[PDB]
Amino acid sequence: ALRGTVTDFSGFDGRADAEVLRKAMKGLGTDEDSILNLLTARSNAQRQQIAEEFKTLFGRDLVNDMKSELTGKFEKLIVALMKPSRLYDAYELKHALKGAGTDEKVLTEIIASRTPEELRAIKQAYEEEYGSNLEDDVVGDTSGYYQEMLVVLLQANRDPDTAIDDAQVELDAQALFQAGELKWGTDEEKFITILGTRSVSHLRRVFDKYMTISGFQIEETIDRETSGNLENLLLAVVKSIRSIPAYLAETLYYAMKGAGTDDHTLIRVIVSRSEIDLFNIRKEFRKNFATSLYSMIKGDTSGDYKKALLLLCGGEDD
C-alpha cells in the first residue's frame, strides 16, 4: 500500500527535544546539524508537540526563532517541515494565489494529485486559516476551461469505484474519440466532465479502451488537441488517475531536470508526501528514470539543505 519515509519516533520526549533545539540556537552561532538530524527524525505531529513544549519552557516561538537563525533553502525546508500537515497544502495553494501573479504549476500539481478526501480536508483548512473560500480564490485568479476543470475537481464529487460497466467504458471512450480526434476543433467540456467525475477504476479502463479504438494514448490526444494551462492540467489528471506516485515522481524529476533546480517544488513534494507515499514515489522514480531519487538530490543540492533532504528521502541504494 501507500508508504511514507517518516514515522513517529519511538521514545519521543517533547521537552527533551525542545531543549536540544534551544541549545542549538542559543548564543552566537547555530548548530544546524543538530537541528536537521532531529526534526527529520520526528513525525510532523511530534514536531508540533516540540513546538508546544519549546514555547512552554522558554516563552519563545520555535518557528520564528529558526527563521532568525536559519537562512536560504535550508530555512525554507525547515519552515515547511514545521507547517502542520493539515495546513501545508492549503498554505501552498494560498501562496500560489497571493499577490499579482498566480502560480499555476502549483494549483495544477496539488488539485490534480489530491484525492477527493484530501481536497475536502484542504478546503476546510484553507477557509479556517485564511477566512476565504478556496474555490472563490481560484475562480478569481484563473479563467477559461482551465478554471472550469479546477472547479470540477474542487467539488470532490468523483464517482466511487464500483463494478465496471463495460458498455459505459465503451461509451466514454467513444465520446472522447468524438470530442477530440474526430472533431474539427475540440469539445473541451466533454473532456472535463468525463476526466473530472468518473471513478478512478472506470477511467483506467477507458484509457485502455480509448487506446484500442483510436491508436493513440489519451495523453497523446490531449497534447494534440489542447494547449496552455488546460493541457498541463489534463495531463496531470490523467497521470494521477494512472498513478499518483508516478505523477509526483515525474514532477520531482523535471524539478531537478537541467540547469538549476526548482527548489520550491522539490521541497513541496518531499515534505507534503513524506508521511504518505514518498516511499512509493521513490520506487516509481527508480523504475522510470534509471536512477534513485536520493542520487538525483545528492547531485543537485548542497549544504545542510542537501543533508536534510537526503535524510527525509532515504533510499540511498534503490
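When you see a residue number, it is the position in the sequence shown, counting from 1.
Visitor: Tell me which of 89-97 and 201-209 has the higher mean C-alpha B-factor in the deposited entry.
Guide: The stretch with the larger average C-alpha B-factor is 89-97.
Visitor: If you average the CA temperature factors as listed in the entry, which stretch comes out higher, 33-41 or 257-265?
Guide: So the stretch with the higher mean C-alpha B-factor is 257-265.
Visitor: Would you mind checking which of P84, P116, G131, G180 has the top Cα temperature factor in the PDB entry?
Guide: Result of the comparison over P84, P116, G131, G180: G131.
Visitor: Comparing recorded Cα B-factors across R273, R47, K55, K283, which one is largest?
Guide: Spelled out: the listed residue with the top C-alpha B-factor is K283.
Visitor: According to the PDB entry, is the CA B factor of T142 in the bottom, middle or top third of its chain, that is, lowest, middle or highest?
Guide: Middle third by C-alpha B-factor.
Visitor: Sorting by Cα B-factor within the chain, modelled residues only, which third would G185 end up in: lowest, middle or highest?
Guide: Tercile = lowest for this residue's CA B-factor.
Visitor: Could you place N157 in the lowest, middle or highest third of its chain by Cα temperature factor, using the values in the record?
Guide: For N157, the deposited C-alpha B-factor lands in the middle third.
Visitor: Within this chain, which third does the Cα B-factor at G72 fall in: lowest, middle or highest?
Guide: Highest third.
Visitor: Ordered by C-alpha B-factor within the chain, which third holds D166? Give me lowest, middle or highest, please.
Guide: Within its chain, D166 is a lowest-third residue by C-alpha B-factor, going by the deposited values.
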